[PDB]
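**Q** Below is the sequence, then the experimental coordinates.
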Amino acid sequence: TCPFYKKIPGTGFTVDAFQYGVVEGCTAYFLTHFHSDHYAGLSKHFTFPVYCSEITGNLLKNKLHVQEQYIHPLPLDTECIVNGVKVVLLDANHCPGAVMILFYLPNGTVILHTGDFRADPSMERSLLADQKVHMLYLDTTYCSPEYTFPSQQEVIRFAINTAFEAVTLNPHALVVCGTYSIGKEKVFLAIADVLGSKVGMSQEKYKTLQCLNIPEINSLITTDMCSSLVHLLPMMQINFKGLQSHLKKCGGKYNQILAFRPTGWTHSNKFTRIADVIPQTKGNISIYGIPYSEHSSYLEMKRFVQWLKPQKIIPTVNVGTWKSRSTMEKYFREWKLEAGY
Ligand code: NI
């Protein structure tokens with residue numbers, strides 16, 4: 001049964017709640033972004049409206065095969081009426097096509113649902129700057145002060161450096177990048193750009209990328225593996241046995257892989273900086289982990305909430321145990337007492 005933090009009061013609206021069957025009274029099912037925990041349940045056989053971004057729509061039509069009529073894409077940053085309720089979609093700074101949703105209730109209540117987000121100061125000069133938000137449904141993935149990690153522009157620096165080094169030292173080395181969902185495209189696009197290459201990938205991953213409205217995408221990517229020296233691979237595959245396997249397939253065209261596993265937080269963030277990173281090494285294969293996050297750090301989250309001064313906060317992540325719920329409330333109370341709301 002749909003949990004209360006997936007419903008919007010005073011509406012027929014639900015958010016990311018596609019895995020319960022029909023939801024009694026739900027006229028509309030919102031989807032914040034194309035990640036399988038949030039979309040779990042959608043298919044070709046859905047015959048209720050789905051509101052989402054244009055990009056999320058393309059993924060719905062082409063990857064899940066939902067029928068065009070039931071996909072209502074909406075522009076971002078545009079005041080839109082939906083069953084006689086004003087709503088706005090705002091960029092979530094998560095993956096491609098990921099949005100937050102502003103709901104303007106008839107009664108005067110304003111609600112913000114963040115979806116998955118990486119909070120940023122540019123969100124403080126958006127349409128949110130113009131009015132008061134009473135309820136906040138918040139991505140709490142990293143709501144604990146241990147969770148620090150670098151900026152995305154810092155990570156893209158390291159990456160561009162490491163790869164452009166090794167390839168200039170050894171011009172017969174391959175760059176590999178791990179992946180298992182949309183997100184983090186900047187990692188491989190930036191490396192390929194510094195190397196003068198296209199990124200090569202499976203057909204299914206090519207298909208996914210062709211849905212994302214990336215400008216000039218036809219010049220950046222290929223299904224011809226042979227022609228490319230930045231390859232993508234399933235994240236499951238990014239290990240020694242699997243990289244050996246893959247290094248066989250390229251047929252004596254490269255003599256060294258240099259891989260990147262973009263990850264979120266891991267416990268080695270607590271002790272080691274990004275400039276002082278190293279890889280595991282079993283022969284000529286070298287696997288880097290790099291903490292490129294598309295979720296708010298604790299400090300980023302804290303700042304966004306303290307600016308927003310919401311009257312109430314409803315977590316959407318780590319809500320499954322009383323211990324986590326309890327820890328989170330304590331942080332929300334501190335933030336409130338510091339900031340005076
Ligand atoms: Ni996500």
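**A** Yes, it's here. Numbers count the residues shown, from 1 in each chain.

**Q** Strands along the stretch 1-150 of the chain, start to end?
**A** Assignment of strands within the stretch 1-150 of the chain using DSSP state E, counting those that start in this stretch yields the ranges 13-15, 28-30, 50-53, 71-74, 80-81, 86-91, 99-104, 110-113, 135-138.

**Q** The nearest residue to residue 332 once chain neighbours are set aside: how many residues sit nearby?
**A** Of all residues not flanking residue 332 in the chain, residue 313 sits nearest, at 5.3 Å (C-beta to C-beta, 6 or more residues apart in numbering). The way it works is simple: take the backbone N, C-alpha and C, and place the C-beta from them, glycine included. For residue 313, the tally of surrounding residues (other C-beta atoms under 10 Å) stands at 18.

**Q** which element follows the helix or strand encompassing residue 313 toward the C-terminus?
**A** Element membership for residue 313 (DSSP states H and E) is strand 312-315. Sequence order places helix 322-339 as the next helix or strand after strand 312-315, per DSSP H and E.

**Q** List the buried residues in that following helix.
**A** Neighbour-count burial for helix 322-339, counted by 16 or more other C-beta atoms under 10 Å, picks out 324, 328, 331, 332, 335.

**Q** likewise stretch 170-184?
**A** Quick answer for stretch 170-184 (16+ other C-beta under 10 Å): 173, 174, 175, 176, 177, 178, 179, 182, 183, 184.

**Q** and this structure, what are its domains?
**A** 1-147+296-341, 148-295 (curated CATH domains).

**Q** gap between the shortest one and the chain center?
**A** The reference is to domain 148-295. 17 Å (C-alpha atoms, centre = their mean, to the nearest Å).

**Q** Endpoint to endpoint, stretch 57-74 covers what distance?
**A** Stretch 57-74 has its terminal residues 9 Å apart, counting by C-alpha to C-alpha, to the nearest Å.

**Q** Counting neighbours, which bits of that stretch end up buried?
**A** In stretch 57-74, counting by 16+ other C-beta under 10 Å, buried: 57, 58, 59, 60, 61, 63, 66, 70, 71, 73, 74.

**Q** Go back to the buried residues of stretch 170-184 and keep what's next to the ion.
**A** Among the buried residues of stretch 170-184, none lies close to the ion by the criterion of C-beta under 5 Å from the ion.

**Q** From those, pick the one nearest the ion.
**A** residue 183 (7.2 Å; C-beta to the ion).

**Q** Out of the buried residues of helix 322-339, which are close to the ion?
**A** Applying C-beta under 5 Å from the ion to the buried residues of helix 322-339, none is adjacent to the ion.

**Q** now those residues in CSV, with distance to residue 222?
**A** Shown next, in CSV, are those (distance: C-beta to C-beta, whole Å):
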residue, distance to residue 222
324, 44
328, 45
331, 46
332, 47
335, 47
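
**Q** Nearest to residue 288 among these?
**A** residue 324 (30.7 Å; C-beta to C-beta).

**Q** Helices of the stretch 1-150 of the chain, residue ranges please.
**A** 36-39, 54-59 (DSSP state H, counting those that start in this stretch).

**Q** so what's the nearest residue to residue 83 once chain neighbours are set aside up against?
**A** Of all residues not flanking residue 83 in the chain, residue 27 sits nearest, at 5.8 Å (C-beta to C-beta, 6+ apart). Contacts for residue 27 (C-beta atoms under 8 Å, 6 or more residues apart in numbering) come out as 12, 13, 48, 49, 83.

**Q** correct me, but residue 137 touches residue 103?
**A** No: Residue 137 is beyond contact range of residue 103, at 9.7 Å (criterion: C-beta atoms under 8 Å).

**Q** Is it correct that residue 132 is in contact with residue 111?
**A** No: with contact defined as C-beta under 8 Å, residue 132 does not reach residue 111; the gap is 11.2 Å.

**Q** Looking at the two, which is more packed in?
**A** It is residue 111, of residue 132 and residue 111, that has more neighbours when counted by other C-beta under 10 Å, with 24 against 12.

**Q** Identify the bridge partners of that one.
**A** On the basis of DSSP bridges, residue 111 takes part in beta bridges with residue 103, residue 135.

**Q** looking at it, it is touching residue 138, isn't it?
**A** No: judged on C-beta under 8 Å, residue 111 makes no contact with residue 138 at a distance of 11.5 Å.

**Q** Residues that sit against both of the two, list them.
**A** Contacts common to residue 111 and residue 138, judged by C-beta under 8 Å, 6+ apart, are absent.

**Q** I'd like to know how many residues surround the residue lying closest to residue 85 once chain neighbours are set aside.
**A** Nearest non-adjacent residue to residue 85, counting by C-beta to C-beta, 6+ apart: residue 11, 5.9 Å away. Counted by other C-beta under 10 Å, the residues lying close to residue 11 total 20.
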